[PDB]
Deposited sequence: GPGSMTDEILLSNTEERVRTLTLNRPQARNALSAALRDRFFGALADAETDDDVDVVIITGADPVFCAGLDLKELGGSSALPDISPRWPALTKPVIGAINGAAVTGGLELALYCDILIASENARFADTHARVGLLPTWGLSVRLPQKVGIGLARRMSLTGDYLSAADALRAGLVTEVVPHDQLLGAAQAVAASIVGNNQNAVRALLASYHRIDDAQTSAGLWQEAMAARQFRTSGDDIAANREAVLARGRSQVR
């Protein structure tokens, strides 16, 4: 129940499914999600992964009630994020890991790390400015204010915005187009893109990790 999984036309959709807890990532949901991605890489029945959330929220972030190392695994199959509502903090980081984002008109995005007195460890501080721009990333992180779907489209955080009821259809359409191409090339090319990106982001991700340790050390 806490994660749904379904495979149609070689596209597997993973759905975060604790809607009454606004899809917060508990220890259980983290293990199940990150495990489900790893399995999709090795499963010859799947070419593309779509990730989404049960409405009205995509992901509210880590289950802070309950409470952090990075776990997104190495994939050569593409992951499309179908963002159905608020993506906040660690939930925003999940969106940021996706290769391709599409958004409902209901999508919005926020970083509350500075608001709740924490620092990111899942790449926000690298990938946010990479994907929305330096100033917008800094405005988002320091104010903690929401970025709308329309503005996310403008800044290049998502590739498409559609009416709520069309969201999954749109993600499936992009996935069908991928599925219809040569998959040896899809994966070789995507693996190459990840390598080239990783080469630029490693140093920055190391610094994100060190900044978080130092912040935790002095607060303790």
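Stretches of the deposited sequence absent from the structure, as judged by C-alpha coordinates, are 1-7, 75-82, 236-253.
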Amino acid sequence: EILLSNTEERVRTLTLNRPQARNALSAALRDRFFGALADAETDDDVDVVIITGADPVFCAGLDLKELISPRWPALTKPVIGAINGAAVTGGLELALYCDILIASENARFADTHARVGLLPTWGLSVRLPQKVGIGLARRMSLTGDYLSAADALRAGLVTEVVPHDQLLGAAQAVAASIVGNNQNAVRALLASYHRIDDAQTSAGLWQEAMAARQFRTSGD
From here on, numbers count along this sequence of modelled residues.
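According to the PDB record, 40-48 carries the higher mean C-alpha B-factor of the two stretches 40-48 and 183-191. Checked against the record, the higher mean CA B factor of 111-119 and 98-106 lies with 111-119.
Ranked by Cα temperature factor within the chain, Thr13 sits in the middle third according to the deposited record. Per-chain ranking of the deposited C-alpha B factor places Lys77 in the middle third. When the modelled residues of the chain are ordered by their C-alpha B factor, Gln20 lands in the highest third.
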